[PDB]
>>> print(open('data_1.txt').read())   # compact mmCIF, C-alpha atoms and all ligand atoms
# COMPACT_ATOMS: atom_id res chain seq x y z
CA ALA A 1 -20.71 -18.18 7.92
CA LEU A 2 -21.84 -21.50 6.33
CA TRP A 3 -21.19 -20.23 2.89
CA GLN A 4 -17.54 -19.24 3.68
CA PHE A 5 -16.97 -22.74 5.15
CA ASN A 6 -18.48 -24.49 2.12
CA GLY A 7 -15.91 -22.67 -0.15
CA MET A 8 -12.96 -23.27 2.17
CA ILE A 9 -13.59 -27.06 1.97
CA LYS A 10 -13.96 -26.83 -1.85
CA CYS A 11 -10.72 -24.73 -1.79
CA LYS A 12 -9.05 -27.82 -0.36
CA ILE A 13 -11.26 -30.58 -2.01
CA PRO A 14 -12.29 -29.11 -5.44
CA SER A 15 -14.28 -32.17 -6.58
CA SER A 16 -16.66 -31.92 -3.66
CA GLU A 17 -19.96 -30.45 -2.84
CA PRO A 18 -19.35 -30.05 0.96
CA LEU A 19 -22.92 -29.38 1.93
CA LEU A 20 -24.01 -32.69 0.44
CA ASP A 21 -20.90 -34.80 0.96
CA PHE A 22 -19.96 -33.86 4.53
CA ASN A 23 -23.42 -33.09 5.86
CA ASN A 24 -24.88 -35.82 8.01
CA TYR A 25 -21.80 -37.83 8.52
CA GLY A 26 -20.99 -39.72 11.72
CA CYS A 27 -22.01 -38.39 15.12
CA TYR A 28 -20.61 -34.81 14.65
CA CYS A 29 -20.58 -33.67 11.04
CA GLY A 30 -23.82 -31.83 11.03
CA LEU A 31 -25.88 -29.83 13.37
CA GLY A 32 -25.00 -30.66 16.93
CA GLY A 33 -23.19 -33.88 17.64
CA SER A 34 -22.85 -36.21 20.68
CA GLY A 35 -21.23 -39.54 21.42
CA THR A 36 -17.78 -40.83 20.37
CA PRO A 37 -16.56 -39.84 16.82
CA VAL A 38 -16.91 -42.93 14.58
CA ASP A 39 -13.67 -42.09 12.65
CA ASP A 40 -11.12 -39.40 11.92
CA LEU A 41 -13.44 -37.30 9.66
CA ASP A 42 -15.92 -37.36 12.51
CA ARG A 43 -13.16 -36.34 14.99
CA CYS A 44 -12.42 -33.37 12.60
CA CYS A 45 -16.09 -32.41 13.06
CA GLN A 46 -16.02 -32.81 16.85
CA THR A 47 -12.94 -30.53 17.09
CA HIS A 48 -14.73 -27.92 14.93
CA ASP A 49 -17.90 -28.13 17.12
CA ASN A 50 -15.63 -27.59 20.17
CA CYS A 51 -13.94 -24.62 18.35
CA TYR A 52 -17.35 -23.04 17.67
CA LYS A 53 -18.33 -23.54 21.29
CA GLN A 54 -15.00 -21.97 22.40
CA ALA A 55 -15.73 -19.00 20.09
CA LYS A 56 -19.08 -18.47 21.92
CA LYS A 57 -17.19 -18.05 25.21
CA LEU A 58 -15.10 -15.19 23.70
CA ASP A 59 -16.12 -11.77 24.90
CA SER A 60 -15.67 -10.42 21.35
CA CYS A 61 -18.25 -12.87 20.18
CA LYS A 62 -20.78 -11.74 22.84
CA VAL A 63 -21.84 -8.78 20.57
CA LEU A 64 -22.39 -11.09 17.61
CA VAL A 65 -26.07 -11.75 17.56
CA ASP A 66 -25.51 -13.70 14.26
CA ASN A 67 -24.23 -16.97 15.49
CA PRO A 68 -21.51 -18.68 13.79
CA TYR A 69 -23.08 -20.16 10.63
CA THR A 70 -24.51 -16.62 9.75
CA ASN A 71 -21.52 -14.60 11.07
CA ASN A 72 -19.77 -13.58 7.85
CA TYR A 73 -15.93 -13.22 7.72
CA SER A 74 -13.34 -12.72 4.91
CA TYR A 75 -10.88 -15.21 3.56
CA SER A 76 -9.36 -16.00 0.16
CA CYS A 77 -8.65 -19.24 -1.63
CA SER A 78 -5.66 -19.14 -3.87
CA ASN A 79 -3.77 -22.20 -5.27
CA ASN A 80 -5.92 -24.33 -2.98
CA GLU A 81 -4.70 -22.61 0.15
CA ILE A 82 -6.92 -20.71 2.60
CA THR A 83 -5.97 -17.40 4.26
CA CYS A 84 -8.09 -15.67 6.93
CA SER A 85 -7.98 -11.97 6.22
CA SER A 86 -6.59 -9.32 8.67
CA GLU A 87 -9.69 -7.15 8.18
CA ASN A 88 -11.55 -9.76 10.26
CA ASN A 89 -12.47 -8.40 13.62
CA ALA A 90 -11.48 -10.75 16.56
CA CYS A 91 -14.65 -12.85 16.68
CA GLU A 92 -14.76 -13.43 12.92
CA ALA A 93 -11.09 -14.11 12.91
CA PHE A 94 -11.61 -16.80 15.58
CA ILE A 95 -14.39 -18.52 13.57
CA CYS A 96 -12.36 -18.25 10.33
CA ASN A 97 -9.55 -20.14 11.94
CA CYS A 98 -11.94 -22.79 13.30
CA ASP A 99 -13.13 -23.22 9.72
CA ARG A 100 -9.61 -23.20 8.16
CA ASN A 101 -8.54 -25.98 10.45
CA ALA A 102 -11.62 -28.18 9.88
CA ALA A 103 -11.30 -27.89 6.09
CA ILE A 104 -7.63 -28.87 6.13
CA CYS A 105 -8.45 -31.73 8.54
CA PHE A 106 -11.22 -32.94 6.19
CA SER A 107 -8.71 -33.04 3.34
CA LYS A 108 -6.28 -35.25 5.27
CA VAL A 109 -8.56 -38.05 6.52
CA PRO A 110 -10.42 -40.96 4.80
CA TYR A 111 -13.95 -40.57 3.82
CA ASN A 112 -16.14 -43.63 4.70
CA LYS A 113 -19.53 -43.79 2.96
CA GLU A 114 -20.64 -46.32 5.67
CA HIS A 115 -20.82 -43.35 8.00
CA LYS A 116 -22.89 -41.20 5.75
CA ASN A 117 -26.31 -40.68 7.33
CA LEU A 118 -25.22 -42.78 10.33
CA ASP A 119 -28.17 -43.69 12.52
CA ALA A 120 -28.25 -41.62 15.72
CA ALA A 121 -28.58 -44.77 17.91
CA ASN A 122 -24.88 -44.87 17.35
CA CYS A 123 -24.04 -41.64 19.08
CA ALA B 1 -17.57 -3.20 -3.80
CA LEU B 2 -16.49 0.14 -2.20
CA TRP B 3 -15.99 -1.45 1.12
CA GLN B 4 -13.62 -4.16 -0.26
CA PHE B 5 -11.58 -1.42 -1.98
CA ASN B 6 -11.37 0.71 1.18
CA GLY B 7 -9.78 -2.30 3.04
CA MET B 8 -7.42 -3.21 0.20
CA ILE B 9 -5.93 0.33 0.32
CA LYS B 10 -5.67 0.13 4.15
CA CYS B 11 -4.08 -3.35 3.62
CA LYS B 12 -1.33 -1.52 1.76
CA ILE B 13 -1.43 1.90 3.63
CA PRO B 14 -2.45 1.01 7.26
CA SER B 15 -2.30 4.60 8.59
CA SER B 16 -4.93 5.78 6.15
CA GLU B 17 -8.59 6.30 6.01
CA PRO B 18 -8.98 5.83 2.18
CA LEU B 19 -12.48 7.18 1.91
CA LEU B 20 -11.38 10.49 3.39
CA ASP B 21 -7.78 10.69 2.22
CA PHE B 22 -8.13 9.57 -1.41
CA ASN B 23 -11.66 10.80 -2.05
CA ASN B 24 -11.83 14.00 -4.04
CA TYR B 25 -8.30 14.12 -5.20
CA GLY B 26 -7.21 15.46 -8.58
CA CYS B 27 -9.36 15.04 -11.67
CA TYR B 28 -9.99 11.24 -11.27
CA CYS B 29 -9.92 10.07 -7.68
CA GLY B 30 -13.57 10.20 -7.00
CA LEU B 31 -16.76 9.70 -8.83
CA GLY B 32 -16.22 10.12 -12.52
CA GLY B 33 -13.15 11.96 -13.71
CA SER B 34 -12.20 13.91 -16.88
CA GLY B 35 -9.23 15.93 -18.06
CA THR B 36 -5.50 15.17 -17.72
CA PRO B 37 -4.37 13.51 -14.39
CA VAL B 38 -2.64 16.20 -12.28
CA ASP B 39 -0.03 13.70 -10.93
CA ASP B 40 0.81 10.03 -10.53
CA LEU B 41 -1.82 9.35 -7.79
CA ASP B 42 -4.36 10.84 -10.14
CA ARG B 43 -3.04 8.66 -13.03
CA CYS B 44 -3.55 5.63 -10.66
CA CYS B 45 -7.20 6.75 -10.40
CA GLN B 46 -7.60 7.25 -14.16
CA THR B 47 -6.27 3.71 -14.83
CA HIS B 48 -8.75 2.32 -12.25
CA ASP B 49 -11.66 4.27 -13.85
CA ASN B 50 -10.60 2.77 -17.23
CA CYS B 51 -10.42 -0.73 -15.59
CA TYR B 52 -13.97 -0.32 -14.23
CA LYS B 53 -15.18 0.80 -17.63
CA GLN B 54 -13.43 -2.22 -19.24
CA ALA B 55 -15.17 -4.48 -16.69
CA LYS B 56 -18.57 -3.09 -17.86
CA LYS B 57 -17.80 -4.26 -21.41
CA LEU B 58 -17.29 -7.87 -20.15
CA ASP B 59 -20.15 -10.18 -20.98
CA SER B 60 -19.84 -11.75 -17.50
CA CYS B 61 -20.50 -8.37 -16.02
CA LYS B 62 -23.67 -7.87 -18.12
CA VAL B 63 -25.70 -9.95 -15.55
CA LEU B 64 -24.42 -7.85 -12.65
CA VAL B 65 -27.13 -5.36 -11.98
CA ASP B 66 -25.05 -4.17 -8.94
CA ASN B 67 -22.49 -2.00 -10.55
CA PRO B 68 -19.03 -2.05 -9.45
CA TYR B 69 -19.00 -0.13 -6.14
CA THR B 70 -21.88 -2.43 -4.84
CA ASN B 71 -20.69 -5.66 -6.57
CA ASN B 72 -19.18 -7.60 -3.66
CA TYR B 73 -16.16 -9.93 -4.20
CA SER B 74 -13.75 -11.84 -1.89
CA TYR B 75 -10.16 -11.09 -1.12
CA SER B 76 -7.87 -11.39 1.91
CA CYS B 77 -5.27 -9.09 3.37
CA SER B 78 -2.42 -10.86 5.04
CA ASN B 79 1.00 -9.31 5.92
CA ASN B 80 -0.08 -6.27 3.95
CA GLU B 81 -0.53 -8.21 0.74
CA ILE B 82 -3.81 -8.53 -1.17
CA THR B 83 -5.05 -11.77 -2.80
CA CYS B 84 -8.20 -11.98 -4.96
CA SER B 85 -9.92 -15.23 -4.09
CA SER B 86 -10.59 -18.08 -6.61
CA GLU B 87 -14.21 -18.33 -5.46
CA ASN B 88 -14.77 -15.03 -7.31
CA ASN B 89 -16.85 -15.54 -10.37
CA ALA B 90 -15.32 -13.91 -13.56
CA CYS B 91 -16.88 -10.45 -13.21
CA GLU B 92 -16.00 -10.09 -9.54
CA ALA B 93 -12.58 -11.43 -10.22
CA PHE B 94 -12.08 -8.74 -12.88
CA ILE B 95 -13.14 -5.92 -10.50
CA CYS B 96 -11.02 -7.38 -7.67
CA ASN B 97 -7.97 -7.16 -9.85
CA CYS B 98 -8.82 -3.59 -10.89
CA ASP B 99 -8.94 -2.79 -7.18
CA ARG B 100 -5.74 -4.73 -6.27
CA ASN B 101 -3.81 -2.80 -8.86
CA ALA B 102 -5.12 0.65 -7.86
CA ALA B 103 -4.32 0.04 -4.18
CA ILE B 104 -0.76 -1.04 -4.92
CA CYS B 105 -0.38 1.94 -7.30
CA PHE B 106 -1.63 4.30 -4.55
CA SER B 107 1.02 2.92 -2.20
CA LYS B 108 3.86 3.63 -4.65
CA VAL B 109 3.20 7.27 -5.61
CA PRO B 110 3.48 10.63 -3.73
CA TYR B 111 0.51 12.10 -2.12
CA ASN B 112 0.14 15.89 -2.75
CA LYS B 113 -2.29 17.72 -0.45
CA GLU B 114 -2.38 20.58 -3.04
CA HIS B 115 -4.50 18.27 -5.15
CA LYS B 116 -6.95 17.42 -2.46
CA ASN B 117 -10.35 18.84 -3.36
CA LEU B 118 -8.88 20.22 -6.62
CA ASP B 119 -11.25 22.64 -8.29
CA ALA B 120 -12.97 21.08 -11.32
CA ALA B 121 -11.99 24.05 -13.56
CA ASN B 122 -8.76 22.17 -13.68
CA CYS B 123 -10.06 19.07 -15.37
CA CA C 201 -21.86 -31.04 14.42
CA CA C 202 -12.96 8.68 -10.63
>>> encode(input="data_1.txt", output="structure tokens", more="lines below")
Ligand SMILES: [Ca+2]
Ligand SMILES: [Ca+2]
Amino acid sequence: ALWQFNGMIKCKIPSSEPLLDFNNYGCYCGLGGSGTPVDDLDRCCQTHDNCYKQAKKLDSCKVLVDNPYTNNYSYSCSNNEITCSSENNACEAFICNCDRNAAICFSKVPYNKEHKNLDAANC
Amino acid sequence: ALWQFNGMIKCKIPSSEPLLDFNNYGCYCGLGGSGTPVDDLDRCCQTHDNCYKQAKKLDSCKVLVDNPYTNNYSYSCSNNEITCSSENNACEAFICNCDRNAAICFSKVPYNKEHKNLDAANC
């Protein structure tokens, strides 16, 4: 869920408030997304949107009526590393991994304020 | 909460159903507990009851109206090891550790069916 993803990105970027800093960035970081990623942080977001859309094709995920930003899973953050728990059932485990990967991606790319609240005419 | 503790003990003992196998064992494994532990598994349970009672003295825990078996925290199980997450606030982090320790204790001691549903006249 949204609230596990928020903490995974602060696990990796402790100075950040992910829901403010990474929301509404580029063409993909945020609800939906279309067009060409404007940079690498945006490409991180596009890959995560594709991961979430892959998750929805999983038959395990067909039973999950709570769709991905409300679908709760388990993970821990320890010494700024993220671990998806084995108690996750297959669907939750797929979304956890989607989230792990996007948070780690976000910590490896530049952040460009120019792209914050980027006008949609760009996507 | 009860449901995080159940999974921590299956993290460590994967063949088990903790809520059936360790409930109502000796004088301490179960709600409450008084008397002398009948064995080492029971002493594991006494130490965990003392941990939970220590937790209740914490000032952090004073705000937690949901008392410990409903007080949810985060942890992961990976390769049969348990890790209490850093996103746990202090109270939850104290209970998580109480639970980590009891699950690891339960995996290191003998299990004695004689003590299963042990008559209270014994405690
Ligand atoms: Ca998006
Ligand atoms: Ca007890």
>>> closest_atom_pairs(input="data_1.txt", of="chain B", to="chain A", cutoff="7 Å", atoms="all atoms listed in the file", output="tab-separated table")
residue	atom	partner	partner_atom	distance
B:74	CA	A:76	CA	6.4
B:75	CA	A:76	CA	5.1
B:76	CA	A:85	CA	4.4
B:77	CA	A:85	CA	4.9
B:78	CA	A:86	CA	5.7
B:83	CA	A:76	CA	6.7
B:84	CA	A:76	CA	6.6
B:85	CA	A:76	CA	4.4
B:86	CA	A:77	CA	5.5
B:87	CA	A:77	CA	6.8
>>> residues_around(input="data_1.txt", residues="residue A:40", least_positions_apart="2", cutoff="9 Å", atoms="all atoms listed in the file", output="NGL selection string")
:A and (37-38 or 42-45 or 105-106 or 109-111)
>>> calpha_fit_and_write(input="data_1.txt", fixed="chain B", moving="chain A", output="PDB file with C-alpha atoms, in the coordinates of the input")
ATOM      1  CA  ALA A   1     -17.573  -3.193  -3.800  1.00  0.00           C
ATOM      2  CA  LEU A   2     -16.491   0.140  -2.205  1.00  0.00           C
ATOM      3  CA  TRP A   3     -15.999  -1.456   1.124  1.00  0.00           C
ATOM      4  CA  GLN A   4     -13.619  -4.169  -0.255  1.00  0.00           C
ATOM      5  CA  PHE A   5     -11.574  -1.415  -1.980  1.00  0.00           C
ATOM      6  CA  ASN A   6     -11.374   0.709   1.178  1.00  0.00           C
ATOM      7  CA  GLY A   7      -9.780  -2.301   3.041  1.00  0.00           C
ATOM      8  CA  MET A   8      -7.424  -3.217   0.204  1.00  0.00           C
ATOM      9  CA  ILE A   9      -5.928   0.326   0.319  1.00  0.00           C
ATOM     10  CA  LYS A  10      -5.673   0.129   4.150  1.00  0.00           C
ATOM     11  CA  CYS A  11      -4.085  -3.350   3.619  1.00  0.00           C
ATOM     12  CA  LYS A  12      -1.332  -1.524   1.757  1.00  0.00           C
ATOM     13  CA  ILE A  13      -1.432   1.896   3.633  1.00  0.00           C
ATOM     14  CA  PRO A  14      -2.446   1.010   7.262  1.00  0.00           C
ATOM     15  CA  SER A  15      -2.298   4.596   8.582  1.00  0.00           C
ATOM     16  CA  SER A  16      -4.933   5.779   6.152  1.00  0.00           C
ATOM     17  CA  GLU A  17      -8.599   6.299   6.011  1.00  0.00           C
ATOM     18  CA  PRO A  18      -8.980   5.833   2.189  1.00  0.00           C
ATOM     19  CA  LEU A  19     -12.478   7.182   1.909  1.00  0.00           C
ATOM     20  CA  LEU A  20     -11.386  10.492   3.398  1.00  0.00           C
ATOM     21  CA  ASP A  21      -7.784  10.684   2.223  1.00  0.00           C
ATOM     22  CA  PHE A  22      -8.131   9.575  -1.404  1.00  0.00           C
ATOM     23  CA  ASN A  23     -11.655  10.800  -2.053  1.00  0.00           C
ATOM     24  CA  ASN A  24     -11.826  13.996  -4.044  1.00  0.00           C
ATOM     25  CA  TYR A  25      -8.299  14.119  -5.199  1.00  0.00           C
ATOM     26  CA  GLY A  26      -7.207  15.465  -8.584  1.00  0.00           C
ATOM     27  CA  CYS A  27      -9.361  15.042 -11.674  1.00  0.00           C
ATOM     28  CA  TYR A  28      -9.986  11.240 -11.280  1.00  0.00           C
ATOM     29  CA  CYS A  29      -9.912  10.071  -7.680  1.00  0.00           C
ATOM     30  CA  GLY A  30     -13.572  10.202  -6.997  1.00  0.00           C
ATOM     31  CA  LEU A  31     -16.754   9.699  -8.825  1.00  0.00           C
ATOM     32  CA  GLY A  32     -16.223  10.126 -12.523  1.00  0.00           C
ATOM     33  CA  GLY A  33     -13.157  11.953 -13.709  1.00  0.00           C
ATOM     34  CA  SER A  34     -12.197  13.912 -16.876  1.00  0.00           C
ATOM     35  CA  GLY A  35      -9.237  15.933 -18.063  1.00  0.00           C
ATOM     36  CA  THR A  36      -5.500  15.170 -17.714  1.00  0.00           C
ATOM     37  CA  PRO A  37      -4.367  13.508 -14.394  1.00  0.00           C
ATOM     38  CA  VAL A  38      -2.640  16.205 -12.288  1.00  0.00           C
ATOM     39  CA  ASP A  39      -0.035  13.695 -10.928  1.00  0.00           C
ATOM     40  CA  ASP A  40       0.811  10.035 -10.530  1.00  0.00           C
ATOM     41  CA  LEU A  41      -1.817   9.349  -7.787  1.00  0.00           C
ATOM     42  CA  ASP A  42      -4.361  10.844 -10.147  1.00  0.00           C
ATOM     43  CA  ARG A  43      -3.040   8.658 -13.025  1.00  0.00           C
ATOM     44  CA  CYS A  44      -3.551   5.623 -10.657  1.00  0.00           C
ATOM     45  CA  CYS A  45      -7.193   6.751 -10.404  1.00  0.00           C
ATOM     46  CA  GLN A  46      -7.603   7.249 -14.160  1.00  0.00           C
ATOM     47  CA  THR A  47      -6.274   3.709 -14.831  1.00  0.00           C
ATOM     48  CA  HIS A  48      -8.746   2.316 -12.255  1.00  0.00           C
ATOM     49  CA  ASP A  49     -11.668   4.267 -13.850  1.00  0.00           C
ATOM     50  CA  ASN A  50     -10.606   2.775 -17.225  1.00  0.00           C
ATOM     51  CA  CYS A  51     -10.427  -0.729 -15.588  1.00  0.00           C
ATOM     52  CA  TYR A  52     -13.973  -0.322 -14.229  1.00  0.00           C
ATOM     53  CA  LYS A  53     -15.176   0.802 -17.636  1.00  0.00           C
ATOM     54  CA  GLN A  54     -13.422  -2.221 -19.242  1.00  0.00           C
ATOM     55  CA  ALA A  55     -15.172  -4.482 -16.690  1.00  0.00           C
ATOM     56  CA  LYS A  56     -18.568  -3.085 -17.862  1.00  0.00           C
ATOM     57  CA  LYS A  57     -17.802  -4.264 -21.411  1.00  0.00           C
ATOM     58  CA  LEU A  58     -17.288  -7.868 -20.155  1.00  0.00           C
ATOM     59  CA  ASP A  59     -20.143 -10.181 -20.977  1.00  0.00           C
ATOM     60  CA  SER A  60     -19.840 -11.746 -17.500  1.00  0.00           C
ATOM     61  CA  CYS A  61     -20.497  -8.371 -16.014  1.00  0.00           C
ATOM     62  CA  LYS A  62     -23.672  -7.871 -18.117  1.00  0.00           C
ATOM     63  CA  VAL A  63     -25.699  -9.950 -15.546  1.00  0.00           C
ATOM     64  CA  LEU A  64     -24.418  -7.848 -12.657  1.00  0.00           C
ATOM     65  CA  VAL A  65     -27.129  -5.363 -11.984  1.00  0.00           C
ATOM     66  CA  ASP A  66     -25.051  -4.166  -8.941  1.00  0.00           C
ATOM     67  CA  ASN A  67     -22.493  -1.993 -10.546  1.00  0.00           C
ATOM     68  CA  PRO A  68     -19.027  -2.050  -9.450  1.00  0.00           C
ATOM     69  CA  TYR A  69     -18.995  -0.130  -6.140  1.00  0.00           C
ATOM     70  CA  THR A  70     -21.882  -2.437  -4.838  1.00  0.00           C
ATOM     71  CA  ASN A  71     -20.686  -5.653  -6.567  1.00  0.00           C
ATOM     72  CA  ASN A  72     -19.186  -7.601  -3.664  1.00  0.00           C
ATOM     73  CA  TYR A  73     -16.153  -9.925  -4.205  1.00  0.00           C
ATOM     74  CA  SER A  74     -13.754 -11.850  -1.881  1.00  0.00           C
ATOM     75  CA  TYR A  75     -10.160 -11.089  -1.122  1.00  0.00           C
ATOM     76  CA  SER A  76      -7.872 -11.387   1.906  1.00  0.00           C
ATOM     77  CA  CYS A  77      -5.264  -9.095   3.372  1.00  0.00           C
ATOM     78  CA  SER A  78      -2.425 -10.860   5.043  1.00  0.00           C
ATOM     79  CA  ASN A  79       1.002  -9.319   5.925  1.00  0.00           C
ATOM     80  CA  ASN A  80      -0.083  -6.265   3.950  1.00  0.00           C
ATOM     81  CA  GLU A  81      -0.528  -8.206   0.745  1.00  0.00           C
ATOM     82  CA  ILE A  82      -3.810  -8.534  -1.168  1.00  0.00           C
ATOM     83  CA  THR A  83      -5.049 -11.762  -2.800  1.00  0.00           C
ATOM     84  CA  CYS A  84      -8.198 -11.987  -4.956  1.00  0.00           C
ATOM     85  CA  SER A  85      -9.917 -15.227  -4.089  1.00  0.00           C
ATOM     86  CA  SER A  86     -10.585 -18.083  -6.609  1.00  0.00           C
ATOM     87  CA  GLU A  87     -14.216 -18.331  -5.462  1.00  0.00           C
ATOM     88  CA  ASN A  88     -14.770 -15.031  -7.307  1.00  0.00           C
ATOM     89  CA  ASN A  89     -16.850 -15.534 -10.374  1.00  0.00           C
ATOM     90  CA  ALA A  90     -15.321 -13.904 -13.560  1.00  0.00           C
ATOM     91  CA  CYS A  91     -16.883 -10.452 -13.218  1.00  0.00           C
ATOM     92  CA  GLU A  92     -15.998 -10.093  -9.534  1.00  0.00           C
ATOM     93  CA  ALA A  93     -12.583 -11.437 -10.215  1.00  0.00           C
ATOM     94  CA  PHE A  94     -12.086  -8.741 -12.883  1.00  0.00           C
ATOM     95  CA  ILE A  95     -13.141  -5.925 -10.499  1.00  0.00           C
ATOM     96  CA  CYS A  96     -11.012  -7.383  -7.665  1.00  0.00           C
ATOM     97  CA  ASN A  97      -7.970  -7.165  -9.846  1.00  0.00           C
ATOM     98  CA  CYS A  98      -8.816  -3.590 -10.890  1.00  0.00           C
ATOM     99  CA  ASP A  99      -8.942  -2.784  -7.182  1.00  0.00           C
ATOM    100  CA  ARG A 100      -5.741  -4.724  -6.277  1.00  0.00           C
ATOM    101  CA  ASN A 101      -3.804  -2.803  -8.861  1.00  0.00           C
ATOM    102  CA  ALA A 102      -5.116   0.651  -7.862  1.00  0.00           C
ATOM    103  CA  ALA A 103      -4.323   0.043  -4.181  1.00  0.00           C
ATOM    104  CA  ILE A 104      -0.760  -1.043  -4.927  1.00  0.00           C
ATOM    105  CA  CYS A 105      -0.377   1.942  -7.294  1.00  0.00           C
ATOM    106  CA  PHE A 106      -1.630   4.301  -4.552  1.00  0.00           C
ATOM    107  CA  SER A 107       1.023   2.926  -2.206  1.00  0.00           C
ATOM    108  CA  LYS A 108       3.859   3.632  -4.650  1.00  0.00           C
ATOM    109  CA  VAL A 109       3.202   7.271  -5.613  1.00  0.00           C
ATOM    110  CA  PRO A 110       3.484  10.632  -3.739  1.00  0.00           C
ATOM    111  CA  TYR A 111       0.515  12.098  -2.125  1.00  0.00           C
ATOM    112  CA  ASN A 112       0.136  15.892  -2.754  1.00  0.00           C
ATOM    113  CA  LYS A 113      -2.293  17.715  -0.446  1.00  0.00           C
ATOM    114  CA  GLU A 114      -2.378  20.586  -3.040  1.00  0.00           C
ATOM    115  CA  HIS A 115      -4.499  18.273  -5.145  1.00  0.00           C
ATOM    116  CA  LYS A 116      -6.947  17.414  -2.454  1.00  0.00           C
ATOM    117  CA  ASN A 117     -10.351  18.843  -3.368  1.00  0.00           C
ATOM    118  CA  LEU A 118      -8.880  20.211  -6.618  1.00  0.00           C
ATOM    119  CA  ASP A 119     -11.252  22.642  -8.289  1.00  0.00           C
ATOM    120  CA  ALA A 120     -12.975  21.087 -11.313  1.00  0.00           C
ATOM    121  CA  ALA A 121     -11.992  24.050 -13.567  1.00  0.00           C
ATOM    122  CA  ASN A 122      -8.758  22.169 -13.683  1.00  0.00           C
ATOM    123  CA  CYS A 123     -10.059  19.071 -15.368  1.00  0.00           C
TER     124      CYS A 123
END
>>> residues_near_ligand(input="data_1.txt", ligand="ligand CA 201 (chain C)", cutoff="8 Å", atoms="only C-alpha atoms and all ligand atoms", output="VMD selection string")
chain A and resid 27 to 33 45 to 46 48 to 49
>>> atom_distance(input="data_1.txt", atom1="atom CA of residue B:99", atom2="atom CA of residue B:15")
18.6 Å
>>> residues_near_point(input="data_1.txt", point="(-3.0, -1.6, -2.3)", cutoff="6 Å", atoms="only C-alpha atoms", output="PDB file with C-alpha atoms, in the coordinates of the input")
ATOM      1  CA  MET B   8      -7.420  -3.210   0.200  1.00  0.00           C
ATOM      2  CA  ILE B   9      -5.930   0.330   0.320  1.00  0.00           C
ATOM      3  CA  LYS B  12      -1.330  -1.520   1.760  1.00  0.00           C
ATOM      4  CA  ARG B 100      -5.740  -4.730  -6.270  1.00  0.00           C
ATOM      5  CA  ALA B 103      -4.320   0.040  -4.180  1.00  0.00           C
ATOM      6  CA  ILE B 104      -0.760  -1.040  -4.920  1.00  0.00           C
TER       7      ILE B 104
END
>>> residues_around(input="data_1.txt", residues="residue A:62", least_positions_apart="6", cutoff="10 Å", atoms="all atoms listed in the file", output="mmCIF file with C-alpha atoms, in the coordinates of the input")
data_model
loop_
_atom_site.group_PDB
_atom_site.id
_atom_site.type_symbol
_atom_site.label_atom_id
_atom_site.label_comp_id
_atom_site.auth_asym_id
_atom_site.auth_seq_id
_atom_site.Cartn_x
_atom_site.Cartn_y
_atom_site.Cartn_z
ATOM 1 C CA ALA A 55 -15.730 -19.000 20.090
ATOM 2 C CA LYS A 56 -19.080 -18.470 21.920
ATOM 3 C CA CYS A 91 -14.650 -12.850 16.680
#
>>> atom_distance(input="data_1.txt", atom1="atom CA of residue B:64", atom2="atom CA of residue A:6")
23.0 Å
>>> residues_around(input="data_1.txt", residues="residue B:123", least_positions_apart="4", cutoff="7 Å", atoms="only C-alpha atoms", output="list in words")
residues 27, 34, 35 and 36 of chain B
>>> atom_distance(input="data_1.txt", atom1="atom CA of ligand CA 202 (chain C)", atom2="atom CA of residue B:22")
10.4 Å
>>> residues_around(input="data_1.txt", residues="residue B:72", least_positions_apart="2", cutoff="9 Å", atoms="only C-alpha atoms", output="ChimeraX atom specification")
/B:1-4,66,68-70,74,92
>>> closest_residue(input="data_1.txt", among="A:19, A:95, A:39, A:118", to="residue A:67", atoms="all atoms listed in the file")
A:95
